[PDB]
$ cat upload25.txt   # compact mmCIF, C-alpha atoms and all ligand atoms
# COMPACT_ATOMS: atom_id res chain seq x y z
CA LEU A 101 0.00 0.00 0.00
CA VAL A 102 2.97 2.38 0.39
CA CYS A 103 2.96 5.02 -2.37
CA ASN A 104 -0.47 3.98 -3.62
CA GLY A 105 -1.28 7.66 -3.82
CA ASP A 106 -3.99 6.68 -1.32
CA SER A 107 -3.59 7.58 2.36
CA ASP A 108 -3.85 4.06 3.73
CA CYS A 109 -2.52 5.15 7.08
CA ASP A 110 -5.65 6.62 8.62
CA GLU A 111 -4.63 9.84 10.36
CA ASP A 112 -0.90 10.00 9.59
CA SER A 113 -0.69 9.14 5.88
CA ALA A 114 2.83 7.98 6.74
CA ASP A 115 2.73 5.51 3.82
CA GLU A 116 2.74 8.67 1.68
CA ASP A 117 5.63 10.63 3.23
CA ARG A 118 8.54 11.59 0.94
CA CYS A 119 6.91 9.66 -1.91
CA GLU A 120 7.84 10.60 -5.46
CA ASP A 121 5.09 11.54 -7.91
CA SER A 122 7.05 9.52 -10.47
CA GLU A 123 6.55 6.47 -8.24
CA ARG A 124 2.93 7.28 -7.34
CA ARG A 125 0.63 5.21 -9.57
CA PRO A 126 -2.79 6.50 -10.69
CA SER A 127 -4.41 4.15 -8.19
CA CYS A 128 -7.97 5.21 -9.06
CA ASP A 129 -9.79 7.68 -11.27
CA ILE A 130 -11.65 9.25 -8.35
CA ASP A 131 -11.62 9.59 -4.58
CA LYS A 132 -15.09 10.96 -3.71
CA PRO A 133 -16.74 8.58 -1.21
CA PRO A 134 -20.51 8.12 -1.18
CA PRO A 135 -22.07 11.31 0.05
CA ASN A 136 -22.06 10.61 3.81
CA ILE A 137 -20.39 7.21 4.19
CA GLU A 138 -18.39 8.38 7.23
CA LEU A 139 -21.57 8.16 9.33
CA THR A 140 -21.58 4.38 8.80
CA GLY A 141 -18.23 4.40 10.59
CA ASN A 142 -19.70 5.91 13.75
CA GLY A 143 -20.42 4.05 16.95
CA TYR A 144 -23.85 4.01 18.57
CA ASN A 145 -25.06 4.22 22.18
CA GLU A 146 -28.00 1.83 22.34
CA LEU A 147 -29.39 3.27 25.60
CA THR A 148 -29.38 6.96 24.70
CA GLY A 149 -30.04 6.32 21.01
CA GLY B 144 0.22 15.13 7.13
CA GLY B 145 -3.33 13.88 7.01
CA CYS B 146 -4.63 14.59 3.52
CA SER B 147 -7.32 11.95 3.64
CA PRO B 148 -10.22 12.99 1.34
CA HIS B 149 -13.06 14.51 3.37
CA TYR B 150 -16.00 15.89 1.37
CA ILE B 151 -19.14 17.84 2.19
CA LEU B 152 -21.36 18.01 -0.89
CA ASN B 153 -18.80 18.58 -3.69
CA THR B 154 -16.47 20.64 -1.45
CA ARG B 155 -13.44 18.73 -0.17
CA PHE B 156 -11.83 19.66 3.14
CA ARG B 157 -8.52 19.09 4.90
CA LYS B 158 -9.17 18.08 8.50
CA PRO B 159 -6.90 19.44 11.25
CA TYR B 160 -4.67 16.96 13.03
CA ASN B 161 -6.46 17.80 16.30
CA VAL B 162 -9.96 17.11 15.00
CA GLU B 163 -11.28 13.55 15.13
CA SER B 164 -14.41 14.28 13.09
CA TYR B 165 -16.27 17.22 11.64
CA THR B 166 -19.33 15.78 9.93
CA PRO B 167 -22.61 17.30 8.60
CA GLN B 168 -25.14 15.62 10.89
CA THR B 169 -27.98 17.89 9.77
CA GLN B 170 -31.19 18.15 11.81
CA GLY B 171 -33.89 20.69 12.58
CA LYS B 172 -36.55 21.11 15.28
CA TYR B 173 -39.25 23.79 14.95
CA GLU B 174 -41.67 24.57 17.78
CA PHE B 175 -44.73 26.88 17.64
CA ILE B 176 -47.17 27.55 20.50
CA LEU B 177 -49.91 30.21 20.22
CA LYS B 178 -52.33 30.76 23.13
CA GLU B 179 -55.08 33.41 22.85
CA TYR B 180 -57.53 34.06 25.73
CA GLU B 181 -60.51 36.43 25.96
CA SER B 182 -62.99 37.22 28.72
CA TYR B 183 -65.69 39.88 28.83
CA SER B 184 -68.37 40.50 31.47
CA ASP B 185 -71.22 43.05 31.33
CA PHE B 186 -73.57 44.24 34.10
CA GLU B 187 -76.45 46.76 33.91
CA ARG B 188 -79.51 47.79 35.85
CA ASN B 189 -82.37 50.24 35.33
CA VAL B 190 -84.61 51.23 38.25
CA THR B 191 -87.36 53.81 38.64
CA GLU B 192 -89.73 55.11 41.33
CA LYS B 193 -92.66 57.52 40.94
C1 LIG C 1 -81.77 51.13 30.50
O1 LIG C 1 -82.50 52.01 29.65
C2 LIG C 1 -81.88 52.30 28.39
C3 LIG C 1 -82.78 53.28 27.67
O2 LIG C 1 -84.03 52.68 27.34
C4 LIG C 1 -81.64 51.01 27.60
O3 LIG C 1 -80.96 51.29 26.39
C5 LIG C 1 -81.92 51.26 25.30
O4 LIG C 1 -82.37 49.92 24.98
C6 LIG C 1 -83.29 49.84 23.88
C7 LIG C 1 -83.67 48.39 23.72
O5 LIG C 1 -82.53 47.54 23.78
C8 LIG C 1 -82.66 50.43 22.62
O6 LIG C 1 -83.63 50.43 21.58
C9 LIG C 1 -82.18 51.85 22.87
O7 LIG C 1 -81.50 52.35 21.73
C10 LIG C 1 -81.24 51.88 24.07
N1 LIG C 1 -80.81 53.24 24.35
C11 LIG C 1 -79.67 53.53 24.98
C12 LIG C 1 -79.38 54.98 25.20
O8 LIG C 1 -78.90 52.65 25.37
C13 LIG C 1 -80.83 50.04 28.45
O9 LIG C 1 -80.71 48.79 27.76
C14 LIG C 1 -81.52 49.80 29.78
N2 LIG C 1 -80.72 48.91 30.61
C15 LIG C 1 -81.26 48.07 31.50
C16 LIG C 1 -80.28 47.23 32.28
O10 LIG C 1 -82.47 48.00 31.68

$ encode --input "upload25.txt" --output "structure tokens"
Amino acid sequence: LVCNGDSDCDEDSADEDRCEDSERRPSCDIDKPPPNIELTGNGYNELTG
Amino acid sequence: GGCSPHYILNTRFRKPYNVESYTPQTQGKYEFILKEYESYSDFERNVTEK
């Protein structure tokens, strides 16, 4: 995954530090996630709803 | 670093390192209460002696 051109380290993007744009592959055409997918990531408190 | 893709609508944002999430959890609560009260009271007399 290093130098995918995708930040596969979550918060750090350390897999993309000092990475040459000649080595970065065009991993995908686009990077727009579905319009609110991040909410699926969230946790839920079943008592308080 | 960071530079994960975060979008709101078509606008893409760079999140601060400090921030865990900033996400558009939209919601709206309206509340309308109208209370009208009327009272009237009328009192008359007419009295005559001859
Ligand atoms: C006291 O007397 C007056 C005068 O008659 C009364 O008022 C009149 O009432 C009649 C009938 O409803 C009307 O045709 C007149 O135009 C009224 N005139 C005036 C100046 O108000 C009144 O209603 C009487 N009140 C009581 C409690 O008996």

$ interface_residues --input "upload25.txt" --of "chain A" --to "chain B" --cutoff "8 Å" --atoms "all atoms listed in the file" --output "MDAnalysis selection string"
chainID A and resid 106:107 110:114 131:133 135:136 138:139

$ residues_around --input "upload25.txt" --residues "residue 126 in chain A" --least-positions-apart "2" --cutoff "9 Å" --atoms "all atoms listed in the file" --output "ChimeraX atom specification"
/A:104-105,124,128-129

$ residues_near_ligand --input "upload25.txt" --ligand "ligand LIG 1 (chain C)" --cutoff "12 Å" --atoms "all atoms listed in the file" --output "PyMOL selection string"
chain B and resi 185-191

$ atom_distance --input "upload25.txt" --atom1 "CA of residue 162 in chain B" --atom2 "CA of residue 140 in chain A"
18.3 Å

$ atom_distance --input "upload25.txt" --atom1 "CA of residue 125 in chain A" --atom2 "CA of residue 137 in chain A"
25.2 Å

$ atom_distance --input "upload25.txt" --atom1 "CA of residue 157 in chain B" --atom2 "CA of residue 130 in chain A"
16.8 Å

$ residues_around --input "upload25.txt" --residues "residue 115 in chain A" --least-positions-apart "2" --cutoff "8 Å" --atoms "only C-alpha atoms" --output "list in words"
residues 101, 102, 103, 107, 108, 109, 113 and 117 of chain A

$ axis_aligned_box --input "upload25.txt" --around "range 128-147 of chain A" --padding-each-side "3 Å" --output "AutoDock Vina command-line options"
--center_x -18.7 --center_y 6.6 --center_z 7.2 --size_x 27.4 --size_y 15.5 --size_z 42.9

$ decode --input "upload25.txt" --residues "range 102-141 of chain A" --atoms "N, CA and C atoms" --output "compact mmCIF listing (two decimals), in the first residue's frame"
# COMPACT_ATOMS: atom_id res chain seq x y z
N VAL A 102 2.12 1.19 0.36
CA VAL A 102 2.97 2.38 0.39
C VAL A 102 3.10 2.97 -1.01
N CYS A 103 2.97 4.29 -1.10
CA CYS A 103 2.96 5.02 -2.37
C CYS A 103 1.87 4.55 -3.33
N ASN A 104 0.72 4.15 -2.79
CA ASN A 104 -0.47 3.98 -3.62
C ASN A 104 -0.93 5.30 -4.24
N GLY A 105 -0.56 6.43 -3.64
CA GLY A 105 -1.28 7.66 -3.82
C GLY A 105 -2.57 7.74 -3.03
N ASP A 106 -2.86 6.72 -2.24
CA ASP A 106 -3.99 6.68 -1.32
C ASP A 106 -3.45 6.68 0.10
N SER A 107 -4.05 7.48 0.98
CA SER A 107 -3.59 7.58 2.36
C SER A 107 -4.14 6.41 3.14
N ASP A 108 -3.40 5.30 3.11
CA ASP A 108 -3.85 4.06 3.73
C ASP A 108 -3.50 3.97 5.20
N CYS A 109 -2.54 4.76 5.68
CA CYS A 109 -2.52 5.15 7.08
C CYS A 109 -3.64 6.14 7.34
N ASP A 110 -4.40 5.90 8.41
CA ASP A 110 -5.65 6.62 8.62
C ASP A 110 -5.41 8.10 8.85
N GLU A 111 -4.80 8.45 9.97
CA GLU A 111 -4.63 9.84 10.36
C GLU A 111 -3.30 10.42 9.91
N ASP A 112 -2.27 9.58 9.81
CA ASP A 112 -0.90 10.00 9.59
C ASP A 112 -0.56 10.12 8.11
N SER A 113 -1.09 9.24 7.28
CA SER A 113 -0.69 9.14 5.88
C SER A 113 0.81 8.88 5.73
N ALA A 114 1.39 8.16 6.69
CA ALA A 114 2.83 7.98 6.74
C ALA A 114 3.33 7.14 5.57
N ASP A 115 2.47 6.26 5.04
CA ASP A 115 2.73 5.51 3.82
C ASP A 115 2.85 6.41 2.59
N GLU A 116 2.66 7.71 2.77
CA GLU A 116 2.74 8.67 1.68
C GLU A 116 3.72 9.81 1.97
N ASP A 117 4.58 9.66 2.97
CA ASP A 117 5.63 10.63 3.23
C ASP A 117 6.82 10.42 2.29
N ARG A 118 7.41 11.54 1.87
CA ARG A 118 8.54 11.59 0.94
C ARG A 118 8.39 10.65 -0.25
N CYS A 119 7.22 10.62 -0.86
CA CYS A 119 6.91 9.66 -1.91
C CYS A 119 6.91 10.41 -3.23
N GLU A 120 7.68 9.91 -4.19
CA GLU A 120 7.84 10.60 -5.46
C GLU A 120 6.61 10.43 -6.34
N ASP A 121 6.18 11.54 -6.95
CA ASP A 121 5.09 11.54 -7.91
C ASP A 121 5.42 10.78 -9.18
N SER A 122 6.70 10.46 -9.41
CA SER A 122 7.05 9.52 -10.47
C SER A 122 6.81 8.08 -10.05
N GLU A 123 6.85 7.80 -8.75
CA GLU A 123 6.55 6.47 -8.24
C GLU A 123 5.08 6.28 -7.90
N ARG A 124 4.37 7.35 -7.56
CA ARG A 124 2.93 7.28 -7.34
C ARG A 124 2.19 6.86 -8.60
N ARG A 125 1.52 5.70 -8.52
CA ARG A 125 0.63 5.21 -9.57
C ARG A 125 -0.74 5.88 -9.52
N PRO A 126 -1.41 5.99 -10.68
CA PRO A 126 -2.79 6.50 -10.69
C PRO A 126 -3.75 5.45 -10.14
N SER A 127 -3.75 5.29 -8.82
CA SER A 127 -4.41 4.15 -8.19
C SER A 127 -5.89 4.07 -8.55
N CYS A 128 -6.58 5.21 -8.62
CA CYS A 128 -7.97 5.21 -9.06
C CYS A 128 -8.32 6.54 -9.71
N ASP A 129 -9.35 6.49 -10.56
CA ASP A 129 -9.79 7.68 -11.27
C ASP A 129 -10.26 8.76 -10.31
N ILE A 130 -10.88 8.35 -9.20
CA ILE A 130 -11.65 9.25 -8.35
C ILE A 130 -11.42 8.88 -6.90
N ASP A 131 -11.77 9.80 -6.01
CA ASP A 131 -11.62 9.59 -4.58
C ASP A 131 -12.83 10.05 -3.77
N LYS A 132 -13.90 10.49 -4.41
CA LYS A 132 -15.09 10.96 -3.71
C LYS A 132 -15.84 9.77 -3.12
N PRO A 133 -15.92 9.63 -1.80
CA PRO A 133 -16.74 8.58 -1.21
C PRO A 133 -18.22 8.86 -1.38
N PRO A 134 -19.08 7.87 -1.16
CA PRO A 134 -20.51 8.12 -1.18
C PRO A 134 -20.89 9.20 -0.18
N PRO A 135 -21.97 9.94 -0.46
CA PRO A 135 -22.07 11.31 0.05
C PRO A 135 -22.10 11.48 1.57
N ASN A 136 -22.29 10.44 2.37
CA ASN A 136 -22.06 10.61 3.81
C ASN A 136 -21.58 9.32 4.46
N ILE A 137 -20.74 8.56 3.76
CA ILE A 137 -20.39 7.21 4.19
C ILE A 137 -19.75 7.21 5.57
N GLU A 138 -19.05 8.29 5.93
CA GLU A 138 -18.39 8.38 7.23
C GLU A 138 -19.32 8.11 8.40
N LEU A 139 -20.60 8.44 8.27
CA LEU A 139 -21.57 8.16 9.33
C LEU A 139 -21.73 6.66 9.60
N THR A 140 -21.59 5.82 8.57
CA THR A 140 -21.58 4.38 8.80
C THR A 140 -20.43 3.94 9.69
N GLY A 141 -19.32 4.68 9.68
CA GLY A 141 -18.23 4.40 10.59
C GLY A 141 -18.54 4.62 12.06
